[PDB]
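Examining the three-dimensional arrangement
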Amino acid sequence: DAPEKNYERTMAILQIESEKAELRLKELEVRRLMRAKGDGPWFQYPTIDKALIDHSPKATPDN
Amino acid sequence: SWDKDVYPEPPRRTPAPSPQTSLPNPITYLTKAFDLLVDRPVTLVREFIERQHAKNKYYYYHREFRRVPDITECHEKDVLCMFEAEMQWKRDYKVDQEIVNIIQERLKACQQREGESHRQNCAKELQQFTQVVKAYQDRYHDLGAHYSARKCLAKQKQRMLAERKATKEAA
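Per the deposited record, cryo-EM is how this structure was determined, to a resolution of 2.9 Å.

Summing up its helical and strand segments, chain A has 1 helix and 0 strands in all. In terms of overall dimensions, chain A is more spread out than a globule: its C-alpha atoms have a radius of gyration of 27 Å, far above the 11 Å expected for 63 residues. Judged by the C-alpha coordinates and their principal axes, chain A covers about 90 × 20 × 10 Å. Counting all 63 residues of chain A, 5% fall into the buried class. One way to put it: in chain A the 11 positive side-chain charges average out to a point 3 Å from where the 12 negative ones average out.

Considered as a void within the structure, the largest pocket measures approximately 440 Å³ in volume. Lining the largest pocket we find 16 residues, and of these A:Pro3, A:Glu4, A:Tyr7, B:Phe65 and B:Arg91 sit closest to its centre. Secondary-structure elements contributing two or more residues to the lining of the largest pocket are α1 (3-37) of chain A together with α2 (79-114) of chain B. Classifying every residue of the lining of the largest pocket gives 7 nonpolar, 2 polar and 7 charged.

Further remarks concern the pattern of salt bridges. Applying the stated criterion to the full structure yields 13 salt bridges over all chains. Across the pair A:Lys5 and A:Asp1 runs a salt bridge whose closest N-O atoms are separated by 3.7 Å. Note that B:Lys165 is salt-bridged to B:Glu169, the shortest N-O span being 3.6 Å. Here the residue B:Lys165 and the residue B:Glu169 both occupy positions in helix α5 (residues 149-169), the gap between them amounting to 4 residues, near one helical turn. Here the two residues B:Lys165 and B:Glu169 agree in accessibility, since each one is exposed. Through salt bridges with shared partners, a single ionic network connects A:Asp1, A:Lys5 and A:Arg9.

This next bit is on the interface of chain B and chain A. Quite often, the size of an interface is put as the accessible area lost when its parts meet. Listed by partner, the interface residues are 7 residues for chain B and 9 residues for chain A. Counting the surface lost from both chain B and chain A, the interface buries some 740 Å², and carbon and sulfur atoms represent 68% of this. The largest share of the area that chain B buries against chain A comes from B:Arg63, B:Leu80 and B:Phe83, three residues that together contribute 60% of it. For the salt bridge of B:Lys77 with A:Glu22, the shortest nitrogen-to-oxygen distance reads 3.6 Å. Summed over the shared surface of chain B and chain A, the number is 1 residue pair in polar contact. A per-class count over the side of chain B that touches chain A returns 4 nonpolar, no polar and 3 charged.

A word on the state of the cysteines. Residues and elements named next belong to chain B. Tallying each qualifying case throughout the model produces 1 disulfide over all chains. Here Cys110 connects covalently by a disulfide to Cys122, the sulfurs 2.0 Å from one another. Here the S-S torsion is close to -100°, and the disulfide linking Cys110 with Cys122 is therefore left-handed. Residue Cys110 is found in helix α2, and its partner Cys122 is found in the loop between α3 (118-121) and α4 (123-140); the two are separated by 12 residues along the sequence. In this structure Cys110 comes out as buried when scored by relative accessible area, which is 5%. Unpaired in terms of disulfides, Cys81 finds its nearest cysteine sulfur in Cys74, a separation of 5.2 Å. Given a relative accessible area of 33%, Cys81 falls into the partly exposed group. No disulfide involves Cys152; its sulfur sits 14 Å from that of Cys74, the nearest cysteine.

Residue and element names in this part refer to chain B. Relative to the assigned elements, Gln88 resides in helix α2. Of the polar contacts made by the side chain of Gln88, one reaches the backbone oxygen of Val68; its length is 3.1 Å. Each residue touching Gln88, except ones within four places of it in the same chain, is listed here: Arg67, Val68, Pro69 and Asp70.

Thresholds applied
- All residue numbers start from 1 on each chain and follow the order of its written sequence rather than the entry's numbering, and residues without coordinates are excluded.
- Think of it this way: whatever chain is written first is A, whatever ligand is written first is 1, and the rest follow in order.
- Summary scope: the chains shown constitute part of a larger assembly, and all values are computed over the shown part.
- As a rule here, side-chain values cover all heavy atoms of the structure and leave hydrogens and water aside.
- Segments assigned H or I by DSSP are reported as helices when at least four residues long, segments assigned E as strands when at least two residues long, and all are numbered from the N terminus.
- For the radius of gyration, the atoms used are the C-alpha atoms, and the globule rule reads 2.2 Å times the number of residues raised to 0.38.
- Partly exposed residues are those whose accessible area sits between 20% and 50% of the maximum for their type, while under 20% is buried and over 50% is exposed, using a 1.4 Å probe and protein chains only.
- The charge count includes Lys and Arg as positive and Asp and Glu as negative, but it does not include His or the ends of the chains.
- Here the site of a charge means NZ on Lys, CZ on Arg, CG on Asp, or CD on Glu.
- The distinction between a cavity and a pocket rests on a 1 Å grid over the protein atoms alone: a 1.4 Å probe fits inside a cavity but cannot get out, while a pocket stays open yet meets protein on both sides within 12 Å along at least five of seven lines, and a residue with an atom within 4 Å of a point counts as lining.
- Grid points are joined across faces, edges and corners, and a volume is the space filled by probe spheres set on the points.
- Residues are grouped as follows: nonpolar covers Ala, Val, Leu, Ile, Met, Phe, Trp, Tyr, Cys and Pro; charged covers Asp, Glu, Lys and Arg; every other residue, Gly included, is treated as polar.
- For this document, the term salt bridge refers to a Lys or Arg side-chain nitrogen within 4 Å of an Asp or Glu carboxyl oxygen.
- Contacts were defined at the residue level, with two residues in contact if any of their heavy atoms lie within 4.5 Å.
- Defined here as a combined quantity, buried area equals the accessible surface (1.4 Å probe) lost by two parts on assembly, summed across both.
- In protein, a polar contact requires one atom able to donate a hydrogen and another able to accept it; more generally it is a pair of N or O atoms within 3.5 Å, and residues adjacent in sequence count only if both atoms are side-chain atoms.
- Any pair of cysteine sulfurs within 2.5 Å is marked as a disulfide.

Now the structure itself:
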């Protein structure tokens, strides 16, 4: 292979792997912030549905 | 051939033969026999090979690397620039190694060609050798087997801090 070919191919390899490394560091920081704050789409552990609640007029009024 | 300025030689001054005795020395007869028996057939074979070279002439070139930005103007952890800076530094490292090799060849050739008066007559080559070895030692020594342009820049910054502190303490 030419030195040009190996050189520019190495630059392509370094671009891809540096972008993957920066995205892995971003992924770790996003996971840490979402577990800490609970405001992202991940770590949304289930709570009770409010569609299960009956809002009909019950038997006794104080409710 | 080579370039006579990067590989310098003083002009050869051979003395004329002044024979005092009447005995013919064997060396002139052996030089005539070496010219008649050896130098002329080797010269004929080389002229034949040289004609066969001249029947098809083609060329090779010296590869020119343009100067990419060095490590000082590369962003930290920016591999697409500091890769090019590191390759440039490694090529310049090999070139500086071969410059030291050229000056060592000059020093050894001076010592041999001067013979016995070499301690007087090779002060210039010794001075050039001392200069280029001091420069190579301040530039690339003690970096380690994982040497890089970052290591060399850190060594240069440490040496420049030492130089600035020595300038400040002596003023």
